[PDB]
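Residue numbers start from 1 in every chain, and the chains themselves are labelled A, B, ... in the order their sequence lines are given, proteins ahead of strands. All values below were derived from every heavy atom in this structure, side-chain atoms included, with hydrogens, water molecules and symmetry-related copies excluded.
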Amino acid sequence: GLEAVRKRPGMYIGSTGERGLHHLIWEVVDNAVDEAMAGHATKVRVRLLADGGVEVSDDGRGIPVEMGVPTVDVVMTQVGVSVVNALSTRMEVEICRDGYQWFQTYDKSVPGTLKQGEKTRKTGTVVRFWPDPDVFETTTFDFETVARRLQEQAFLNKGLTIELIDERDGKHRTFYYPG
Amino acid sequence: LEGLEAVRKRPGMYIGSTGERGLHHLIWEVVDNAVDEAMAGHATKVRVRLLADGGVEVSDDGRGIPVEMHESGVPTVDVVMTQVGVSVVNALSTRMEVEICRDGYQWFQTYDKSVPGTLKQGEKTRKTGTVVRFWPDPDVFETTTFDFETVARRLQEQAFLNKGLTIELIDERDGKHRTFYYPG
Ligand SMILES: CO[C@@H]1[C@@H](OC(N)=O)[C@@H](O)[C@H](Oc2ccc3c(O)c(NC(=O)c4ccc(O)c(CC=C(C)C)c4)c(=O)oc3c2C)OC1(C)C
Ligand SMILES: CO[C@@H]1[C@@H](OC(N)=O)[C@@H](O)[C@H](Oc2ccc3c(O)c(NC(=O)c4ccc(O)c(CC=C(C)C)c4)c(=O)oc3c2C)OC1(C)C
Ligand SMILES: [Zn+2]
Ligand SMILES: [Zn+2]
Ligand SMILES: [Zn+2]
Ligand SMILES: [Zn+2]
Ligand SMILES: [Zn+2]
Ligand SMILES: [Zn+2]
């Protein structure tokens, strides 16, 4: 399971250095950007939080919430982003889908109870995660490393707007190439 | 078995979709795994070949995927190719080949519709590193054509993030080639 990732993180992210740390944001960004071609997303927002966390938001389809375990718990324990869950102290996931907001938490990768919130016509996903400082040699995301990836992803997804906000210093950049 | 069947049943959960961007997840993964060995395994060169038949070959001079017996009673390379990021590539490929230089020897393994062959010990060598070849399954992907410029953009990023690493790209479909290098 996720125990395997914690035991041998190098098998999943190459190392536990700064390049290993950046695998986490690369995965969560990738998953959001995937919704431009797969889910009619128009905007992805990436925030580098001053406490070391990361938030990635999109207006794609929303991770499926239908069930007897919710699909989001399967995603967050089985697929690419489960490595992020394994190596984070906590994650928060917000989904807009099927007419409602939905909220889930992971505490050392253990799911909370999926909560149905307010009605909404919006669709998309917000993923927030806090990399475990007991795993990583470095918990500082590099603005220019992240910017280079988001520029590539905007260029490969004509019409997608990607916003990067560094909450550590207020630095922000928007990436957009028209179709 | 089970875990790879899951990828074939719901590929969008692993690679987003089954179009051009989904196809490129496979090369991004295998390239990433090789480039990881620059920071982790003293690699100096990665070579990416877009094969004329649609396959991909990625070579590195890193440590070599471990070949010794895993706790699960198979060679560690078989665990890697069935359990971790590259197992998605295995699941969605008709076949894979893996050449490893490690522990004083050359080693060769195949995967046929993700099923491991018998790991074979080859000649002695002092070299270390890995070659991974894969052939994306046209029954999965709506296109099997890799985009040279898309691949070149990723390799330039990876060379910039790994000062001193040489990355060579060869398109065997038309002879186009690029070499990426940023000095330390
Ligand atoms: C981290 O989750 C990622 C997503 O990330 C974001 N940010 O959306 C995204 O990269 C991708 O999102 C998908 C990937 C596949 C489908 C997908 O296949 C859908 N189609 C359905 O009819 C559907 C509805 C419910 C359900 O449980 C499943 C899962 C089964 C599949 C994929 C056949 C599929 C669908 O509505 O949304 C999908 C979505 C939102 O894959 C995830 C879920 C692992
Ligand atoms: C697809 O394989 C990738 C590798 O890709 C390439 N091209 O080398 C690379 O990205 C990374 O390679 C690692 C990842 C971890 C270790 C690693 O932890 C080593 N340390 C050991 O002493 C060791 C020795 C035996 C052994 O079974 C393991 C753990 C198993 C692993 C890493 C698969 C570790 C080691 O020598 O090499 C390692 C190597 C080469 O992770 C893989 C295996 C998923
Ligand atoms: Zn990696
Ligand atoms: Zn560095
Ligand atoms: Zn549609
Ligand atoms: Zn993806
Ligand atoms: Zn070393
Ligand atoms: Zn060495």
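Of all non-hydrogen atoms in A:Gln78 and B:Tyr14, the two that sit nearest each other are O-CE2, 4.5 Å. Across all non-hydrogen atoms, the minimal contact from B:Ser17 to A:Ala38 is CB-CB, 4.2 Å.
Listed by chain and residue number, B:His24 satisfy the ring-ring contact (aromatic ring centres under 6.0 Å, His included) test with B:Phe146 (two or more places apart in sequence, or in another chain). The ring-ring contact (aromatic ring centres under 6.0 Å, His included) check on B:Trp28 picks up B:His25, with sequence neighbours excluded.
B:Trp135 and B:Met81 sit in two unconnected hydrophobic clusters of ILVMFWY residues. Membership requires side-chain heavy atoms under 4.5 Å apart, directly or through other members. Cluster annotation: A:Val93 is connected to A:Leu114 through the hydrophobic network of ILVMFWY side chains, with a link wherever side-chain heavy atoms come within less than 4.5 Å. At a threshold of 4.5 Å between side-chain heavy atoms, the hydrophobic network of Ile, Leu, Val, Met, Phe, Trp and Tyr places A:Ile13 and B:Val84 in one connected group.
Inter-residue side-chain proximity for B:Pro66 and A:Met11 is flagged as unmet; no heavy-atom pair is nearer than 4.5 Å.
Contact tally against chain B (heavy-atom pairs below 4.5 Å) for A:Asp34, A:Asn31, A:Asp30, A:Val75: the top residue is A:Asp34.
Heavy atoms of other residues, nucleotides or ligands lying less than 6.0 angstrom from CD of A:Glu167 number more than 12.
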**Asked** Can A:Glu144 and B:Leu161 be said to form a side-chain contact (heavy atoms from CB on, under 4.5 Å), step by step?
**Response** CA-CA 10 Å; A:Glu144 285 303 333; B:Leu161 298 176; over 6 Å; no
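The contact between A:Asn157 and chain B is made entirely by side chain atoms (from C-beta outward), counting heavy-atom distances below 4.5 Å. Heavy-atom distances place the side chain of B:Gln158, and not its backbone, under 4.5 Å from chain A.
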